[PDB]
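In what follows, a single structure is set out as structure tokens and then discussed.
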Amino acid sequence: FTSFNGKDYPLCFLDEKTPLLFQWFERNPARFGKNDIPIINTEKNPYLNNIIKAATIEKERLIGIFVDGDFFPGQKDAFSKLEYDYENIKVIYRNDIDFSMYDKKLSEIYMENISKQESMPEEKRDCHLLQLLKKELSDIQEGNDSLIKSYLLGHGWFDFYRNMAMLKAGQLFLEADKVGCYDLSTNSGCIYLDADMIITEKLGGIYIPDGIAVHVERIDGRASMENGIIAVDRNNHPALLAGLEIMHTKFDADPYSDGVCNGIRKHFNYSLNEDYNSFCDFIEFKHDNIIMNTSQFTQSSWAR
Ligand SMILES: O=c1ccn([C@@H]2O[C@H](COP(=O)(O)OP(=O)(O)O)[C@@H](O)[C@H]2O)c(=O)[nH]1
Ligand SMILES: [Mn+2]
Numbered sequence: 005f006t007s008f009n010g011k012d013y014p015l016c017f018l019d020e021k022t023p024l025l026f027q028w029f030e031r032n033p034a035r036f037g038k039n040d041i042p043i044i045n046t047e048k049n050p051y052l053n054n055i056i057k058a059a060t061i062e063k064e065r066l067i068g069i070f071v072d073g074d075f076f077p078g079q080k081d082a083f084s085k086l087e088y089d090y091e092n093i094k095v096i097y098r099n100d101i102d103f104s105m106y107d108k109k110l111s112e113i114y115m116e117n118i119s120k121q122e123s124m125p126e127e128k129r130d131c132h133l134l135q136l137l138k139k140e141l142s143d144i145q146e147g148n149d150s151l152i153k154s155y156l157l160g161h162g163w164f165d166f167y168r169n170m171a172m173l174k175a176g177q178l179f180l181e182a183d184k185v186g187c188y189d190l191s192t193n194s195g196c197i198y199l200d201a202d203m204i205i206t207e208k209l210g211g212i213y214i215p216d217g218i219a220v221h222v223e224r225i226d227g228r229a230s231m232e233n234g235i236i237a238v239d240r241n242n243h244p245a246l247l248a249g250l251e252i253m254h255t256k257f258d259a260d261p262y263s264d265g266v267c268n269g270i271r272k273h274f275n276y277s278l279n280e281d282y283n284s285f286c287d288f289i290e291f292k293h294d295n296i297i298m299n300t301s302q303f304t305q306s307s308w309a310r
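FYI, the numbering for the sequence shown is 5 to 157, 160 to 310, going by the UniProt record's numbering.
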């Protein structure tokens, strides 16, 4: 029931009904046909295949696909066909979800940082940053002053949005009116998995430290948390909110590292003095029926 790293933390359990989430954002939506699925299934990176094998095993659980891009009408009929083929699979589109509660004008972020740096003496200020901040503020003369819109290219286009979907979590399926959603409530969460994370066998009920757990891709001795696997027990889990606060306050903040990785370290007060490897062990989404980071022994779907 309870675990610990620096204090006693309440391990949380997840109804197998806990849904799983896959995300595909395609910049060139034309590289594929205008009647077949706009998801990549290369012999080097078979993602739609992996997202379909996963659905076949956890049929009881819901499996969803958060997708975005200027797709063709025939490509839309294609996802609907997957929805008919598998009731397990529900495809959600960024256009059908409101993230307005998760946003902050780019203007404020800069002016707040500018005020803070201005307060301190000029000796203690960061001239470079204030220069960067003042330049960027003027260059938002374009009508768009929204952190969300700013995150529209493609690394950011999806990273920030992956975090925003997990902030909604189970609320995402409900907000999108995903039929077949007759096993989940509103505080439900969802487990995010890169599509190159292969589900060898049903995971079943899981236990996540302090109601949260994330994949940790350790290297030579060193270990690093990853946003490839995001397991939350409740929608709007507070670690993600801490990362959203970093997006709200920090300038040039990386959604991947400041949005989740740095947000998790605040929720558990890593403290730096404490060993990071063990803390990564403590946070580590562990599983034996999941093949983690397969693009790795094959190839990265992204040029960038
Ligand atoms: O055009 C792209 C490329 C990647 N992804 C997402 O990013 C994940 C990571 O892909 P991959 O494992 O190939 O990259 P890497 O592990 O090298 O970061 C994929 O599973 C997708 O969910 C996406 O949505 N669109
Ligand atoms: Mn990968």
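Beta carbons are placed, not taken as given, at the ideal position from N, Cα and C, and that holds for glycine.
key: Residue of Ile218, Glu62, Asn99, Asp149 minimising C-alpha distance to residue 158   = No atoms are given for residue 158, which sits in the stretch of the chain between 157 and 160 that the model skips.
request  = Write down the C-beta distance between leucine 110 and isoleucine 41 rounded to the nearest angstrom, noting that I regard them as a contact closer than 8 Å.
outcome  = Not quite, the Cβ-Cβ distance comes to about 35 Å (not below 8 Å), so this is no contact.
message = Can you list, in chain order, the residues of its chain with a C-beta nearer than 7 Å to that of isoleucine 270? Leave out the 5 residues immediately preceding and following it.
response = Scanning its chain for C-beta atoms nearer than 7 Å, with the 5 sequence neighbours on each side dropped, one finds around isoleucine 270 the residues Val220, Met231, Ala245, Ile289, in chain order.
message = Would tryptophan 163 and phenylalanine 29 qualify as a contact pair, given that the criterion is a beta-carbon distance under 8 Å?
response = yes
request  = To the nearest angstrom, report how far apart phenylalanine 26 and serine 150 are at their CA atoms.
outcome  = 25 Å
task = Decide if the stretch 181-193 is in contact with the stretch 44-53; the criterion is three or more beta carbon pairs, one per stretch, under 8 Å apart.
result = no
key: Reference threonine 206, options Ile296, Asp107, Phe285, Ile69, closest by Cα   = Among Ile296, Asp107, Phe285, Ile69, the Cα nearest to that of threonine 206 is on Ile296.
query = Do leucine 134 and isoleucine 113 have their C-beta atoms closer together than 8 Å?
reply = no
ask   = Looking at C-alpha atoms only, which residue of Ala58, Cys267, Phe83 is the closest neighbour of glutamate 223?
value = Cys267
key: Whole-Å CB distance - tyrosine 106 paired with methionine 170, under 8 Å assumed   = 5 Å
query = If you run the structure through DSSP and keep just helix, strand and coil, what is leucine 157?
reply = coil
ask   = When we look at the beta-carbon of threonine 6 and count the other beta-carbons within 10 Å, is it buried (16 or more) or exposed?
value = When all chains shown are included, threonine 6 counts as exposed.
ask   = Taking the Cβ atom as the reference point for each residue, do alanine 237 and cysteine 286 lie within a distance shorter than 8 Å?
value = no
inquiry  = Could you check whether the Cβ of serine 263 sits closer than 7 Å to any heavy atom belonging to ligand 1?
reply    = no
ask   = Could you give the distance in angstroms between the alpha-carbon of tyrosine 13 and the alpha-carbon of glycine 68?
value = 30 Å
message = Give the list of continuous alpha helix (DSSP H) stretches no shorter than 4 residues that lie fully inside the stretch 81-147.
response = Whole alpha helix (DSSP H) segments, 4+ residues: 110-123, 131-142.
ask   = Can you round the beta-carbon distance between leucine 18 and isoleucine 212 to whole angstroms, since I take them to be within the 8 Å contact cut?
value = 5 Å
request  = Identify which residue in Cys16, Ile61, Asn9, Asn49 has its Cα closest to the Cα of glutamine 305.
outcome  = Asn49
request  = Thinking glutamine 177 and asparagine 241 are a contact (beta carbons under 8 Å), I'd like their distance in whole angstroms, please.
outcome  = Yes, they are in contact, since the Cβ atoms of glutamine 177 and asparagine 241 sit about 5 Å apart, within 8 Å.
ask   = By the 10 Å Cβ neighbour count, where 16 or more other Cβ atoms means buried, how is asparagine 9 classified, buried or exposed?
value = By the neighbour-count rule (16 or more Cβ atoms within 10 Å), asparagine 9 is buried.
message = Which of the three DSSP states is assigned to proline 261 in this structure?
response = In the structure shown, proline 261 sits in a helix (DSSP, three-state: H, G or I).
key: Three-way DSSP call (helix, strand, coil) for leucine 18 in this model   = strand
query = How would you call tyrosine 155, buried or exposed, if buried means at least 16 neighbouring beta carbons within 10 angstroms?
reply = buried
inquiry  = With a threshold of 7 Å (Cβ to nearest heavy atom), would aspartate 200 be considered close to ligand 2?
reply    = yes
ask   = On the premise that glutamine 79 lies in contact with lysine 108, defined as a C-beta separation below 8 Å, what is that separation, rounded to the nearest angstrom?
value = Actually they are not in contact, since the Cβ atoms of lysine 108 and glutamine 79 sit about 33 Å apart, beyond 8 Å.
request  = Determine the direct distance from the alpha carbon of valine 95 to that of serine 142, and round the result to whole angstroms.
outcome  = 39 Å
message = Between the alpha carbons of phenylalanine 257 and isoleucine 61, how many angstroms are there, rounded?
response = Going by the C-alpha atoms only, they are around 42 Å apart.
query = Looking only at C-alpha atoms, which of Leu209, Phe36, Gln145 sits nearest to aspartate 294?
reply = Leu209
ask   = Exposed or buried, which one is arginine 35 when buried takes at least 16 other CB atoms within 10 Å?
value = exposed
key: Nearest-angstrom Cα separation, counted from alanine 201 out to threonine 255   = Put simply, the backbone Cα of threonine 255 is about 31 Å away from that of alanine 201.
query = What runs of the alpha helix (DSSP H), each 4 residues or longer, lie entirely inside the stretch 270-306?
reply = Along the stretch 270-306, the alpha helix (DSSP H) occurs as fully enclosed runs of 4 or more residues at 282-289, listed in sequence order.
message = Rounded to whole angstroms, what is the Cα-Cα separation between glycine 249 and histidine 243?
response = 11 Å
query = For the candidate residues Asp100, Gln302, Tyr88, whose alpha-carbon lies nearest to that of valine 71?
reply = Sorting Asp100, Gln302, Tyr88 by C-alpha distance to the C-alpha of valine 71 places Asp100 at the top.
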